[PDB]
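Chemist: Structure incoming, see below.
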Protein chains: 2
Amino acid sequence: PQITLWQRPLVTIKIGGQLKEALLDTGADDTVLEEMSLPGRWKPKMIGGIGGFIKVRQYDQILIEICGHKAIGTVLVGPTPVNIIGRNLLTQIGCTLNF
Amino acid sequence: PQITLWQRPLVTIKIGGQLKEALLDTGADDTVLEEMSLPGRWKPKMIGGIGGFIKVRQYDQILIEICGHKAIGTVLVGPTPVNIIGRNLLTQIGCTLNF
Ligand SMILES: CCOCCOC(=O)N[C@@H](Cc1ccccc1)[C@@H](O)C[C@]1(Cc2ccccc2)NC=C([C@H]2c3ccccc3[C@H]3NC(=O)O[C@H]32)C1=O
């Protein structure tokens, strides 16, 4: 699909059997989701944003569907303003910018 | 052009008579650049994201060239970690997400 940018590029994702709204964010290297429960062990990660560097929990090899496309990769969990789908998963679904 | 997301989507922009490197960010409503001088009047604004909020100066009707594509729009100037081209200008150059 082709997504224009006149509005926020919000899509529905599926993770842990539940649906959530997320933002396709090309300016984000990683994917960060609002507080939720994920399986397995996690490692610490510091991510930098417009307002500063914060701490999140890093989970690897997590199943996540983005707009119907299945992906398996790293998902960070922390106090993010919105669910963000970053380049690590955008590349898995074959996303590119065009103009 | 078709820009890959294997790396950060960085491009050259021309604004105020000078060349700079900026990040194409679909997850940002606005465009914000590191401290620089711009012509015309401005109003204060607070923008927030990962890490919190930062105070910026809002300049309207500013001419900019992104990857050789001319456009006009609002440009915020402040202590952003990186130059960011947001949706307000990405739409003007016909930028879309595809997958
Ligand atoms: C994020 C996980 O991987 C690592 C984190 O990557 C980042 O934090 N990347 C930065 C970009 C970046 C910052 C520092 C260093 C490199 C890149 C942004 O792309 C992330 C984000 C997420 C977001 C989206 C909607 C609302 C809140 C937060 N998307 C947009 C905003 C803000 C933003 C940015 C510019 C202008 C106005 C605004 C605001 N108004 C608005 O619409 O969005 C807000 C972000 O922080």
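Convention: chains lettered A, B, ... in structure tokens order; per-chain residue numbering from 1; ligands numbered from 1 as shown.
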Fit chain B to chain A, using all C-alpha atoms paired in sequence order for the least-squares superposition, and then show me the result as a JSON list (two decimals) with C-alpha atoms, in the first residue's frame.

Modeler:
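Result file is selection_37.json:
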[["chain", "number", "residue", "atom", "x", "y", "z"],
["B", 1, "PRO", "CA", -0.57, 0.16, 0.26],
["B", 2, "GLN", "CA", 0.45, 3.76, -0.37],
["B", 3, "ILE", "CA", 0.29, 5.80, 2.81],
["B", 4, "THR", "CA", -0.15, 9.55, 2.56],
["B", 5, "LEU", "CA", 1.77, 11.93, 4.80],
["B", 6, "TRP", "CA", -0.98, 14.59, 4.95],
["B", 7, "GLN", "CA", -1.77, 13.01, 8.33],
["B", 8, "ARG", "CA", 0.37, 10.98, 10.71],
["B", 9, "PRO", "CA", 0.99, 7.56, 9.23],
["B", 10, "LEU", "CA", -0.83, 5.53, 11.87],
["B", 11, "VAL", "CA", -1.52, 1.83, 11.41],
["B", 12, "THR", "CA", -2.85, -1.10, 13.40],
["B", 13, "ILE", "CA", -0.37, -3.63, 14.73],
["B", 14, "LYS", "CA", -0.80, -6.98, 16.45],
["B", 15, "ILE", "CA", 1.67, -7.95, 19.17],
["B", 16, "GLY", "CA", 1.38, -10.25, 22.17],
["B", 17, "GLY", "CA", -2.18, -11.16, 21.23],
["B", 18, "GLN", "CA", -3.44, -7.58, 21.21],
["B", 19, "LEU", "CA", -4.19, -4.83, 18.71],
["B", 20, "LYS", "CA", -2.65, -1.38, 19.03],
["B", 21, "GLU", "CA", -2.22, 1.79, 16.99],
["B", 22, "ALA", "CA", 1.34, 2.73, 16.02],
["B", 23, "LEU", "CA", 3.20, 5.41, 14.09],
["B", 24, "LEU", "CA", 5.37, 4.44, 11.11],
["B", 25, "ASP", "CA", 8.56, 6.40, 11.80],
["B", 26, "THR", "CA", 11.36, 6.41, 9.23],
["B", 27, "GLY", "CA", 13.41, 8.62, 11.54],
["B", 28, "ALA", "CA", 13.68, 5.93, 14.23],
["B", 29, "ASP", "CA", 16.27, 3.15, 14.27],
["B", 30, "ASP", "CA", 14.22, 1.08, 16.72],
["B", 31, "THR", "CA", 10.63, 0.21, 17.58],
["B", 32, "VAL", "CA", 9.30, 1.30, 20.97],
["B", 33, "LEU", "CA", 5.89, 0.64, 22.47],
["B", 34, "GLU", "CA", 4.10, 1.92, 25.56],
["B", 35, "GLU", "CA", 4.24, -0.23, 28.71],
["B", 36, "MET", "CA", 3.10, -3.80, 28.09],
["B", 37, "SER", "CA", 4.18, -7.34, 28.91],
["B", 38, "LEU", "CA", 6.27, -9.39, 26.48],
["B", 39, "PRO", "CA", 7.67, -12.90, 26.74],
["B", 40, "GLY", "CA", 11.32, -13.85, 27.07],
["B", 41, "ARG", "CA", 14.37, -12.17, 28.56],
["B", 42, "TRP", "CA", 15.17, -8.47, 28.28],
["B", 43, "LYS", "CA", 18.01, -6.01, 28.80],
["B", 44, "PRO", "CA", 17.90, -2.35, 29.81],
["B", 45, "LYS", "CA", 18.50, 0.35, 27.20],
["B", 46, "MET", "CA", 18.48, 4.14, 26.93],
["B", 47, "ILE", "CA", 17.06, 5.79, 23.82],
["B", 48, "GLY", "CA", 17.18, 9.50, 23.14],
["B", 49, "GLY", "CA", 15.69, 12.10, 20.89],
["B", 50, "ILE", "CA", 13.86, 15.39, 21.14],
["B", 51, "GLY", "CA", 13.46, 16.17, 24.84],
["B", 52, "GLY", "CA", 16.16, 13.79, 26.05],
["B", 53, "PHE", "CA", 16.45, 10.10, 26.89],
["B", 54, "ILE", "CA", 14.10, 7.49, 28.33],
["B", 55, "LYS", "CA", 14.89, 4.07, 29.80],
["B", 56, "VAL", "CA", 13.29, 1.06, 28.10],
["B", 57, "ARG", "CA", 13.33, -2.73, 28.22],
["B", 58, "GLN", "CA", 14.74, -4.45, 25.13],
["B", 59, "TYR", "CA", 13.06, -7.69, 24.01],
["B", 60, "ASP", "CA", 14.54, -9.61, 21.08],
["B", 61, "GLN", "CA", 12.99, -11.93, 18.49],
["B", 62, "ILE", "CA", 9.43, -10.70, 19.04],
["B", 63, "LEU", "CA", 6.73, -11.57, 16.50],
["B", 64, "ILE", "CA", 4.63, -8.68, 15.20],
["B", 65, "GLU", "CA", 2.04, -7.98, 12.49],
["B", 66, "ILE", "CA", 2.06, -4.52, 10.89],
["B", 67, "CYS", "CA", -0.80, -3.71, 8.52],
["B", 68, "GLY", "CA", -1.25, -7.43, 7.90],
["B", 69, "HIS", "CA", 2.47, -7.97, 7.30],
["B", 70, "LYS", "CA", 4.22, -10.42, 9.62],
["B", 71, "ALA", "CA", 7.75, -9.82, 10.85],
["B", 72, "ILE", "CA", 10.09, -10.51, 13.75],
["B", 73, "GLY", "CA", 12.53, -8.22, 15.51],
["B", 74, "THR", "CA", 13.60, -6.33, 18.59],
["B", 75, "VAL", "CA", 10.88, -4.41, 20.41],
["B", 76, "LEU", "CA", 11.59, -1.83, 23.10],
["B", 77, "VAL", "CA", 9.03, -1.18, 25.83],
["B", 78, "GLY", "CA", 8.92, 1.98, 27.91],
["B", 79, "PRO", "CA", 7.43, 5.40, 28.62],
["B", 80, "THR", "CA", 7.21, 6.57, 25.02],
["B", 81, "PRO", "CA", 4.55, 9.17, 24.26],
["B", 82, "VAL", "CA", 3.29, 7.10, 21.31],
["B", 83, "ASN", "CA", 3.82, 3.61, 19.86],
["B", 84, "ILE", "CA", 6.55, 3.84, 17.23],
["B", 85, "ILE", "CA", 7.43, 1.36, 14.48],
["B", 86, "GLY", "CA", 11.05, 2.02, 13.54],
["B", 87, "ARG", "CA", 13.31, 0.99, 10.69],
["B", 88, "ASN", "CA", 14.23, -2.38, 12.19],
["B", 89, "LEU", "CA", 10.69, -3.53, 11.42],
["B", 90, "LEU", "CA", 9.79, -1.22, 8.53],
["B", 91, "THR", "CA", 12.47, -2.93, 6.41],
["B", 92, "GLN", "CA", 10.93, -6.33, 7.09],
["B", 93, "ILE", "CA", 7.54, -5.38, 5.67],
["B", 94, "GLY", "CA", 9.19, -3.83, 2.61],
["B", 95, "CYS", "CA", 8.41, -0.22, 3.50],
["B", 96, "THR", "CA", 10.09, 2.48, 1.40],
["B", 97, "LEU", "CA", 9.93, 6.27, 1.03],
["B", 98, "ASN", "CA", 9.01, 7.47, -2.46],
["B", 99, "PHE", "CA", 8.97, 10.86, -4.17]]

Chemist: Where in chain B does DSSP assign strand (DSSP E), given as JSON, numbers by chain?

Modeler: {"B": [2, 3, 10, 11, 12, 13, 14, 15, 18, 19, 20, 21, 22, 23, 24, 32, 33, 42, 43, 44, 45, 46, 47, 48, 49, 52, 53, 54, 55, 56, 57, 58, 59, 60, 61, 62, 63, 64, 65, 66, 69, 70, 71, 72, 73, 74, 75, 76, 77, 84, 85, 96, 97, 98]}
